[PDB]
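Okay, structure first, notes after.
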Protein chains: 2
Amino acid sequence: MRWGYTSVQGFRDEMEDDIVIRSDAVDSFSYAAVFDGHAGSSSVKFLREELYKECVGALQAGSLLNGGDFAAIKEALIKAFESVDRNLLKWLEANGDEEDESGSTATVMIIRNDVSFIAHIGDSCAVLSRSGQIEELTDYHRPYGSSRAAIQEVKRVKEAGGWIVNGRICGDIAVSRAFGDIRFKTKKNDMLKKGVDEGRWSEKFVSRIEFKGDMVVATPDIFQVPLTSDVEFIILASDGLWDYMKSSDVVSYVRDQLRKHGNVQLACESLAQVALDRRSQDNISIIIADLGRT
Amino acid sequence: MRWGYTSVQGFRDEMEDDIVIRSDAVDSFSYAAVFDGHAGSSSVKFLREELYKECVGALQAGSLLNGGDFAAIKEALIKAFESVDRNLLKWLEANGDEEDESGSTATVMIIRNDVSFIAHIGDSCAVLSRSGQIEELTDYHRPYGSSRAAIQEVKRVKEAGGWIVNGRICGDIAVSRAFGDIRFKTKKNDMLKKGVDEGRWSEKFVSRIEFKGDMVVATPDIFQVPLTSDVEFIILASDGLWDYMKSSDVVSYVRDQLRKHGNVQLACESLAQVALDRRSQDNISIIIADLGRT
Ligand SMILES: [Mn+2]
Ligand SMILES: [Mn+2]
Ligand SMILES: [Mn+2]
Ligand SMILES: [Mn+2]
């Protein structure tokens, strides 16, 4: 397979997306990741190296990619995400500037040759084309909406003692899973107190709050995707694409580009420009795995 | 570019070679290494991630992040090797210890876009083909031979107070640069005492020895090679290949393989078989970078 990738600032005043594509030829695997940072870049910077190291370390301990055990691979990937977040929060606490209020979502794909695994938190999305037809692979982690996934996130956020207004946890964050975001995790009580001093809430209001767990978590959903001959390409992208283009349209567009010139990098660059043409207001990051089939 | 690799035990009763190939598509960077361990695998095991981590770190530190002059890259690679060795020596002592007399040679290729760097200690070898002709990229670090490099190694080993018998420092080690080998570095006076206790040499003989520096060092030679279109492929391999096949024959063989079927992995596998056919008695490891020219 071949990679196409692009990651551009677009119309935003800062670039907080990043992409990683790394391969181990000896162990026949690749790692691709889209990170969509928010409220600064410190979390993305941390992830850009730390997350690969931890995921690969976890998969190599016991040769998990080789022995075909999904449950074991899922366990390892979740543990890796959670470990990285714990270390990120420590880093944020020790290098804090507070607010360093940064965080990042993450959509990761590991491929080893016939199978791929997706590990996902947040609001980027991964999809594939199977015999011309789109299949969406990930679910958004949003504290609103009508999907089963949405209902479950709202349930979790509320059980943690959080509240939601206008689709935002504590009227603040509109994604319910992410790396970083320490004020919704280990520093949530300080958050409340800061809110009182700032005039967001009343002392009376915050005195009534009881937290039982983190409102935002870094625990990923893991998906197994066998790379059967009918799987033509896979796209990982940030919401700078998906918020501005229907996913079926994205897949059809990439299909057409590849038919036109067979060049996945060119296809990827063209797609990003189409997002901008459709007035995308966000950073845009896109990774396409062209599997050289159809 | 495409990678071919093979790493086989051959007729040895243990496998002490290893290979690493890691690529980063977004930064157009890759790292490839051949390690030939001796007297155990502990040094190779350490180097497998530790040398990579240190080299990648170094080449992204400070200004190097934007390229850098050759002198600065050379200094960074040398310091990285030397740092890794210091940490390896500490390690060998703190873990599992004695007699851990392990060590390892290392030949590393880093590709940063259109330029390659070779960083080398020991007696693996790297070569390239330019328009069908061989160019050797590395010198053997052996305390024997007639080459200029050989003369230099012998001179350094003697200045440090070492002596050489039958191609071997203190009748023991047959390479003059390597990772690990603590008994030729920080524990050399203890080596002498040990030799006395074990009957290897007299107390009188050792009393006259005065060490001024390490006999074996981890300081690499660094070479820069522009990756122009006439550079067809680059081969890194352990001496299990080179001791049994002329280097010009290796290059011709690989050229003929690629011309015939265009498959670098098959070329690599076939080459290793030729080494076995030529009565190689050692572990054999080979990495071929096929740069994809006509
Ligand atoms: Mn963002
Ligand atoms: Mn975004
Ligand atoms: Mn060996
Ligand atoms: Mn050898």
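Where a number appears in this text, it was derived from the coordinates with a stated rule and is not lab data. We place every Cβ from the backbone using ideal geometry, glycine too, and count neighbours over all the protein chains shown.
Can you find, among B:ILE234, B:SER247, B:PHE205, the residue sitting farthest towards the positive end of the charge dipole of region B:199-264, where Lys and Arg contribute +1 and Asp and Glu -1 at Cβ?
The listed residue farthest towards the positive side: B:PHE205.
Work through the residues other than B:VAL196 whose Cβ is under 12 Å from its Cβ and net out their charges, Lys, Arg +1 and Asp, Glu -1. Let's see the in-between values first.
Values: positive: B:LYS193, B:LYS194, B:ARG200, B:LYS204; negative: B:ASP190, B:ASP197, B:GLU198, B:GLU203.
It works out to a net charge of 0.
How big is the dipole moment of region A:14-125 about its Cα centre under a simple scheme where the beta carbon of each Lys and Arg is +1, that of each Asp and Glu is -1, and everything else is neutral? Debye, nearest 20, please. The partial results should precede the final answer.
Numbers: 9 positive and 22 negative charges, 135 e Å.
The calculation lands at about 640 debye.
Taking the Cα centre of region A:1-122 as the origin and placing charges on Cβ (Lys, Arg +1; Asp, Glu -1), which of A:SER116, A:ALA94, A:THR105 is farthest toward the positive end of the dipole?
Positive-end residue among those listed: A:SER116.
Can you tell me what the convex hull of the Cα atoms of the protein assembly as shown projects to on average, as an area in nm²? Show your work: numbers first, answer last.
Working: hull surface 125.9 nm².
Result: a mean projected hull area of 31.5 nm².
Search the structure for amide H atoms under 5 Å from the amide H of B:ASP221, placed 1.01 Å from N in the peptide plane, and list their residues when 5 or more places away or on another chain.
B:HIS120
Multiply the residue gap between A:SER131 and A:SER147 by 0.36 nm, knock off their C-alpha separation, and tell me the result in nm, one decimal place.
Gain on stretching A:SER131 to A:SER147: 3.1 nm.
Determine the relative contact order of region B:188-279: mean sequence separation of Cα pairs under 8 Å and six or more apart, normalised by residue count, in whole percent.
Computed over region B:188-279, the figure is 20 percent.
What trypsin sites (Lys or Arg not before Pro) does region A:52-124 have in DSSP loop regions with at most 14 other beta carbons within 10 Å? Display every interim value, and only then the final one.
Details: sites: A:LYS53, A:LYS74, A:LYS79, A:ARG86, A:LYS90, A:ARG112; in loops: none.
Within region A:52-124, no trypsin sites (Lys or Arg not before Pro) qualify (loop, at most 14 other Cβ atoms within 10 Å).
Semi-axes of the equivalent ellipsoid for chain B, please: Cα gyration tensor eigenvalues, times 5, square-rooted, ordered largest first, whole Å.
On the way: eigenvalues 221, 98, 58 Å².
Square roots of five times the eigenvalues give 33, 22, 17 Å.
Could you work out the relative contact order of chain A, using alpha carbon pairs under 8 angstrom and six or more residues apart, expressed as a whole percent?
Numbers: 592 pairs, mean separation 80.2, N = 294.
Taking the mean separation of contacting Cα pairs over the length of chain A, I get 27 percent.
What list of ³J(HN,Hα) couplings, whole Hz, do you get for region B:125-138 from phi and the Karplus terms 6.51, -1.76, 1.60, once you set θ to phi - 60° and write x for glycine and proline?
8, 10, 9, 9, 10, 10, 6, x, 10, 6, 10, 7, 10, 10
What angle do you read, to the nearest 10 degrees and between 0 and 90, between the alpha-carbon axis of helix B:148-159 and the longest principal axis of chain B?
Around 20 degrees separate the two axes.
With the dipole of chain B worked out from charges on the C-beta (+1 for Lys and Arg, -1 for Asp and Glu) around the Cα centre, which of B:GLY4, B:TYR52, B:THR186 lies farthest toward the positive end?
In chain B, that residue is B:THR186.
Determine ³J(HN,Hα), in whole Hz, for all residues of region A:45-61 in sequence, where each value follows from phi through the Karplus function 6.51 cos²θ - 1.76 cosθ + 1.60 and θ = phi - 60°; x replaces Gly and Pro.
4, 4, 5, 4, 8, 5, 5, 4, 4, 6, 5, 6, x, 5, 7, 8, 6
Taking the Cα centre of chain B as the origin, how large is its charge dipole in debye, to the nearest 20, when only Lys and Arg (+1) and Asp and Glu (-1) carry charge on their Cβ atoms?
Values: 36 positive and 47 negative charges, 131 e Å.
Here chain B has a charge dipole of around 640 debye.
If you place +1 on the Cβ of every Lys and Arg and -1 on the Cβ of every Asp and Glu, how big does the dipole about the Cα centre of the protein assembly as shown come out, in debye to the nearest 20?
Details: 72 positive and 94 negative charges, 33 e Å.
Once rounded to the nearest 20, the dipole reads 160 debye.
So for region A:1-160, averaging the separation of alpha carbon pairs under 8 Å that are six or more residues apart and normalising by length, what relative contact order in percent results? All intermediate terms of the calculation are to be shown ahead of the outcome.
Values: 212 pairs, mean separation 30.3, N = 160.
Across region A:1-160, relative contact order equals 19 percent.
Angle between the Cα long axis of helix A:247-261 and the longest principal axis of chain A, 0 to 90 degrees, nearest 10?
Tilt of helix A:247-261: around 30 degrees.
Taking square-rooted eigenvalues a ≥ b ≥ c of the alpha carbon gyration tensor, is region A:66-179 rounded, prolate or oblate, where a/c under 1.5 means rounded and, failing that, a/b exceeding b/c means prolate?
Details: a/c = 2.13, a/b = 1.32, b/c = 1.62.
Oblate.
Residue by residue through region B:88-100, what is 3J(HN,Hα) from phi via Karplus (6.51 cos²θ - 1.76 cosθ + 1.60, θ = phi - 60°)? Round to whole Hz and write x for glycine and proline.
Running phi through 6.51 cos²θ - 1.76 cosθ + 1.60 with θ = phi - 60° gives 5, 4, 4, 6, 3, 6, 7, 10, x, 6, 9, 8, 8 Hz.
If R0 is 41 Å, what FRET efficiency do you get for B:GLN224 and A:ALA71 from their C-beta distance, rounded to 0.05? Mind dumping the intermediate values first?
Values: r = 48 Å, r/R0 = 1.17.
The pair B:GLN224/A:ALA71 has a calculated efficiency of 0.30.
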